[PDB]
Amino acid sequence: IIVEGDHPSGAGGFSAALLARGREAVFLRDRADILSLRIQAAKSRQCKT
Amino acid sequence: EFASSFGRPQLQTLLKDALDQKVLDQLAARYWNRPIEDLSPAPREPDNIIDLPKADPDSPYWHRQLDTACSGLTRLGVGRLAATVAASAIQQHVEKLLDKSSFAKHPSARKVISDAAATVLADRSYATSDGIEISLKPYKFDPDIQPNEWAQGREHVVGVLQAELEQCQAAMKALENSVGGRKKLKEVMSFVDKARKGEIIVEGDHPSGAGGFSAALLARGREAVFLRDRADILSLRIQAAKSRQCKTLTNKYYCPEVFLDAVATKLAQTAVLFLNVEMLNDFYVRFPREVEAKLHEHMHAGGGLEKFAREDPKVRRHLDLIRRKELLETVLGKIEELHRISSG
Amino acid sequence: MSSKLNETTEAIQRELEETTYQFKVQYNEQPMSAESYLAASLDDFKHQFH
């Protein structure tokens, strides 16, 4: 899906504030998953040497 | 066969339908809710339809509202509406009959017939309209409603109004299934209601995302709220038309639906009589003469008889085949004669 | 101008027709003047006062 910005009140079936909170939530998700994986990998046995 | 079929009660139902929609238009534009365009608080108009049964009987607002509603309904071109409705109906019947007739091919001859019907109806249209307005002139002044007519309008309003409601509810539910869950559209509806109250602000002329809702989702929510309010008003007016207070004729300003339907039925029937006489009989008499004259004049003036023959592939080859055979026969006759004149 | 004169003339005759039609359907062709309005309303008031 792609959307244009002629009406910045409602995009999709979601409100503008709900959409913004969703963007922040997705960024937090991706960076969190990466961070946890990289912590457990830095604690992994393969990083011992 | 068709002319024996048509008659006058068909015209009655035809007029009563156009006037039914006229009633819905006038009543809806004078009483019911106006659309939601943005997400700003709407100031609540002082008089509302929910407080109509419990209203002061001498209310200038409701009186002026029903009065301008009825005068608006009567001082419309009901003569020209009846004339054009009956015209389109008659012409359409002629066009369908033409479809099933032998003139499916030959679109020129078909067009000649159709144009003959059209020109006859057009010739008679004005006299029918003016005569209908003159005959309705006494009912424009005092469309006095008898208790029996009031009952008839009462029974008709319930059906007309509930049909309008069913169209409304079916559209609402389809909107729900389109947006997704009923509960989710209930969420966007709650958001639009909140923005319509002071509870939340959006400051947007075209809001893209607010509270997590897309630009299309907001539009679907406003559409849902309008459908809701119109549904509630419609059901409330149905309950009112079935109310005991609308059974009697004395509460004419309290029951605009029943009154406006009564006026519509009356105007339809008295207009229908003059319509059948002035227009319908004139069509049955002028149409066959016009068809024959115009077809003959078309064939001979335009040379479209030869094209009428050329048009069908089967008869084309038929009319072509005969002369060549005749020529070969005459040739052989000449040779056979040649042998007879000279033995060797 | 002379060329457009004929078509404009016919159209003017038509809108004179339509103005007459609205005069027929909505006011029933009732002639009206300010003096007639004032006199009728004054008599209405005098009947009320009587």
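Here, residue 1 is simply the first one shown, and the rest follow in order.
This entry, so its header tells us, was determined using electron microscopy, 20.6 Å.
The backbone N, Cα and C atoms fix where each Cβ goes, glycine too.
What Swiss-Prot annotates here:
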DISULFID  B:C246-B:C255  disulfide bond
DOMAIN    B:249-343  domain 'GED'
REGION    B:144-243  region 'Paddle region'
REGION    B:244-311  region 'Stalk region'
Requested in this report: Other Cβ atoms within 10 Å is the metric here; tell me which of the disulfide-bonded residues B:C246, B:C255 scores highest.
Outcome: B:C255
Query raised in the report: Going by DSSP, is B:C246 (disulfide bond) part of a helix, a strand, or coil?
Result: helix
Report summary line: In three-state DSSP terms, B:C255 (disulfide bond) is classed as coil
